[PDB]
Ligand SMILES: *[C@@H]1O[C@H](CO)[C@@H](O[C@@H]2O[C@H](CO)[C@@H](O[C@@H]3O[C@H](CO)[C@@H](O)[C@H](O)[C@@H]3O)[C@H](O)[C@H]2NC(C)=O)[C@H](O)[C@H]1NC(C)=O
Ligand SMILES: *[C@@H]1O[C@H](CO)[C@@H](O[C@@H]2O[C@H](CO)[C@@H](O[C@@H]3O[C@H](CO)[C@@H](O)[C@H](O)[C@@H]3O)[C@H](O)[C@H]2NC(C)=O)[C@H](O)[C@H]1NC(C)=O
Ligand SMILES: *[C@@H]1O[C@H](CO)[C@@H](O)[C@H](O)[C@H]1NC(C)=O
Ligand SMILES: *[C@@H]1O[C@H](CO)[C@@H](O)[C@H](O)[C@H]1NC(C)=O
Ligand SMILES: *[C@@H]1O[C@H](CO)[C@@H](O)[C@H](O)[C@H]1NC(C)=O
């Protein structure tokens, strides 16, 4: 059954041990590659609770972010030493399996140490890891399975889902993607609109954009070649990246500040996942950075302080307890090198969603935080509308009740048969961090398929 | 000099008395009408600190809201008994004079008790009150004077400013208006856009709106007569008013909840200031409300809990200390009857702003909270752009530093000579409540005319 | 009129029918005193002003041989609980399966040792099976006696200084907790007791289970409850075994602790508003082979 060598005896920094079983180990990716997994059983009747797979995005970021900082069974306090149980953890009603993918991200690795990869290799490795998982934990094969993720996992999940659709042994019941990049074109366009309507562009810029990048009611912010149009888009990207805004939460503070000094030590922090404005001619500031020996570089999200999670996972007693080979180097939430060597292959998710919709057997939900700019809610609502599906319920808001504080609005929901779009009012890229309880209520009603 | 009979001996509920002098009394409005004032001297060198007048909006709401709940020298804690000093109070660097106007609002009244009034009468009463103020406190006539307000005060302030411009005795140095309604047309249009780009309308509604309410790149959301267009606008207003959203802060909770039960006692809470969608045929739900004797009605902002401020101002010891005639009835932040009997006269603020810009001697700044829907930032940026002034600085973001937490973005600023537009990222209708410190830094740099 | 007892994390206490509550309890072992005299001691306990008792259920007292159970007369623990309820006393039940308590083999039946290498208080499958069977027998008898079902049982101990045991098995504790929740329901209030030092709570506490400590007069009270709060930031402070005296050993001089020293310490504990149980309130008797032992070997005498 379960691999005793993977079970967690304890986790330092935690005063009281978990009441549910949790494993940490490796799943067989391609022969050289071995993905790092962290499975946490449900806190109530795990034997019969659905299995929910969680993948983070990037590309090149660890799925241990959603666990240790978003909806895992415990969260790292600011001291980076203590762990506090989360009353809003997703593991309260489901068995969640977090997978650091692809190889090289977090504690994942490969014999050949070839961190370079691509969409197809990542999808095949994820499928092989899922098969290994089901062979290592046969007792959960029957449990209802759901594939979830965030950001770049908006590509990963549906392509992998097509693979999942080819395996009758996996009890795929539905799928959910949070703030996923459905379409670079639809994302860039919705982003430009978002920026104008959120006071980020200005009327001068807006007028120039409409003049140099649009047909009458048609705007092209994806592959427009007009010179001044491209210049305006470059200015937009400058403002979004390095003017001080938090691309993950417009209305939130910036950890330590980005428009101040670039770095305080010889460690460079990169915050470009290279998934936005890819068809636009960017400036090669990467060669500007010193390439000399000993220049350590790490990939962290913009205005996000990854210190706490790193200091926890990199703590010798935690690494030991989590059965992590002492050989592997330090831990980061995102791997710079992985992102740099990543090869994007898919353009839009149209084919993937059409493949998933053709079976009409799975319940799918896409939810977006309304203050994100990396995968703004508008781009995903446009995508879903462009899917031209049968409308089952006209768009309306959904409510959530908090302790003795009346009903509150959590967002808006559009339901077509087997696929739904939903917004989370007030949440950023990491929806669980900004609206924990609302995230839990929506997740619970999704998993349980209870209509809103 | 100062009127000893107006000085405040003390304020109950406060553990330590203010370190600055503060007066509370009445200013001569038209012979029957007597405005209620609350003057608070600067906390540092009041003799030479500028005088800043503060007016709230409505129409029919008390200017004591900005004091007791937004930027006054003290704030009412949730217990509605204790008063805590505010480290972010506007009175730290200026002498602020709060005026409850027009008559009938708060503690203001008239001999004839004719609460009905109009824009011109309110402006004349405000001018007469300012003259009385300067005759009651001659020592502050020399101090630099600034006219500030919020919401509906976006009309009040500039019209009154034209009057202020006719008095050489008043040392008008500049003016600032927070989230003011510059133009009902520009406001309704920007609101419809805001709603679509903030996920409030949906693609079905958006498409119908573009089809029934717009020319090619021209949309008419002000006085459009197209039937289905008007129906779509009515649905929009239904969603904004009574679907559960907070028109003052999209990203904030709703006090006690609005989409639940309408009321819990025989007190009806109205949240329509009747300034939005005025040219649209609304449903007469006011006659639906019982008109029988003893049906108490009060005007409170949507999802705003006015209990605390009322219980403070209505406390016998506070009313006594504040020299308020025991005759006057209970206190409310907004007067329903005043709003109902209010007569709007001005359509747009174009003429007022042109009158203020023609002198080119005053420094004017309009600041808007980016999460408000009553006077969204877009409508005011459009208005200001429609003013066709000389650009002095291309739009850019402005920063604010918090205790050992690096530089942060507070908004964007557009500067034309003598007039500036600014956004406050994360603030709602009551900017001081959502971003106290940022509000103080912007206010301080405005008053001191220090360029950002 | 519904009986709603639950921990008030907000106000660091218990709530009984919506009212703030803290208990002042004394330990009484119905088994170290003959049933003929149970009422007597319990009435004295009521007359002392205690509103709850803290008692152990010795597994070996009811199942001397596997599958043979004794529950009538002197063996009728359920009648003892019912009698306490009839006297208006609440009950804190401590069913082990290990109770220590200077009682034979910590309550565990000696026939468990028929497997020579078997391990007690661990995830040993045969141990866990036997524990489960014992719980499945004992706990349904306690179910109608739970406070929410109208009886006197308000909280339930799962272990006893588990941090002192070598195994440090959290799978074992999780298994116990799952079985207790299954047989007794989610409504029950479950707690632990350990020595008043974080080192023991390290291996004793567990999620979804309240944590408490024990300590006597020779412990810094502030430090002890700080140690508890490090594991329970919110909720009532609880000393489940505030030692009023001490056990004896043959040959070792009888332990004596001054009365008024205990009184002063008790007042100090009470002034913090905590929950305290006086271990022991009555000691009773070490019958024929019910005594335990320490290491290096030192059996406890007949007198308790
Ligand atoms: C990211 O999170 C880490 C979490 O560890 C932060 O590190 C902690 O930062 C605080 C505040 O700077 C440090 O507290 C300071 O301690 C010194 C004494 O050493 C004291 O003089 C200061 O007044 C302050 O209290 C804390 O020591 C530090 N701990 C660790 C383990 O690094 C880090 O500051 C965060 N950075 C950003 C940009 O968010
Ligand atoms: C608006 O603000 C007023 C401020 O006074 C709120 O009134 C206060 O509301 C709280 C919470 O409902 C009351 O506390 C309650 O006290 C009772 C005992 O009386 C207790 O059983 C509850 O558990 C809770 O602690 C408080 O007494 C009350 N005080 C006053 C003077 O009214 C009001 O609730 C707020 N309403 C909204 C819709 O925001
Ligand atoms: C991904 O990389 C592997 C490396 O061998 C290569 O074989 C494969 O063709 C790549 N994917 C695509 C779509 O070319
Ligand atoms: C406002 O009301 C007064 C009431 O007497 C009236 O005289 C005045 O004309 C009104 N304002 C306008 C613009 O008509
Ligand atoms: C207990 O320890 C705390 C701090 O460790 C100290 O303040 C207190 O005086 C001590 N009290 C006793 C009785 O030891």
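If you go along the chain as it appears here, the first residue is 1 and each next one adds 1.
The backbone N, Cα and C atoms fix where each Cβ goes, and this holds for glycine too.
Taking Cβ-Cβ distances under 8 Å and a sequence gap of 6 or more within the same chain, the neighbours of residue B:151 (active site) are B:56, B:57, B:58, B:61, B:178, B:179, B:180, B:181, B:273, B:374, B:375, B:429. What Swiss-Prot records for B:151 (among others) is active site.
According to Swiss-Prot, the active site annotation covers B:372 (among others), on the basis of similarity to another entry. A C-beta separation below 8 Å, combined with a sequence spacing of at least six in one chain, links residue B:372 (active site) to B:179, B:247, B:248, B:249, B:427, B:428, B:429.
Taken from Swiss-Prot, the feature active site applies to B:429 (among others), supported by similarity to another entry.
Sequence annotations record features per position, and here Swiss-Prot assigns disulfide bond to B:61-B:334 (among others). According to DSSP, residue B:61 (disulfide bond) is assigned to a strand segment.
Around residue B:213 (disulfide bond), the same-chain residues at least 6 positions away in sequence with a Cβ under 8 Å from its Cβ are B:219, B:220, B:221, B:224, B:226, B:229, B:232, B:233. Mapped onto three states, the DSSP output places residue B:213 (disulfide bond) in helix. If you look up Swiss-Prot, you'll see B:213-B:229 (among others) marked as disulfide bond.
Counting Cβ atoms from all protein chains shown, residue B:214 (disulfide bond) has 18 others lying within 10 Å of its own Cβ. The disulfide bond feature in Swiss-Prot is assigned to B:214-B:219 (among others).
A sphere of 10 angstroms centred on the C-beta of residue B:254 (disulfide bond) encloses 22 other C-beta atoms. For B:254-B:303 (among others), the entry in Swiss-Prot reads disulfide bond.
The Cβ of residue B:118 (N-linked glycosylation site) lies under 8 Å from the Cβ of B:342, B:343, B:344, B:345, each of these being in the same chain and 6 or more residues away along the sequence. According to DSSP, residue B:118 (N-linked glycosylation site) sits within a strand segment. Sequence annotations record features per position, and here Swiss-Prot assigns N-linked glycosylation site to B:118 (among others) based on experimental evidence.
Its Cβ taken as reference, residue B:305 (N-linked glycosylation site) is surrounded by 14 other Cβ atoms within 10 Å in the chains shown. Annotation comment: Swiss-Prot describes B:305 (among others) as N-linked glycosylation site.
Ranking the recorded positions B:214, B:305, B:334 by Cα distance from residue B:254 (disulfide bond) puts B:305 first.
The two recorded residues residue B:303 (disulfide bond) and residue B:334 (disulfide bond) have their Cα atoms spaced 14 Å from each other. The disulfide-bonded residues under consideration are B:61, B:219, B:229, B:303, B:334. Their Cβ neighbour counts within 10 Å are lowest for B:219.
Take the CB of residue B:429 (active site) and look out to 10 A: across all protein chains shown you find 27 other CB atoms. A distance below 8 A between C-beta atoms marks B:254 as the recorded positions from B:61, B:151, B:213, B:254, B:334, B:429 lying next to chain A. Rounded to the nearest whole angstrom, the C-alpha distance between residue B:334 (disulfide bond) and residue B:305 (N-linked glycosylation site) is 12.
DSSP assigns residue B:334 (disulfide bond) to a strand segment in the three-state reduction. Screening the recorded positions B:118, B:229, B:254 for a C-beta under 6 A from any atom of ligand 4 leaves B:118. Here the Cα atom of residue B:214 (disulfide bond) is found 38 Å from that of residue B:305 (N-linked glycosylation site). Filtering B:61, B:151, B:219, B:305, B:334, B:372 by Cβ distance to ligand 2 (under 6 A) retains the following recorded positions: B:305. Secondary structure from DSSP puts residue B:254 (disulfide bond) in coil.
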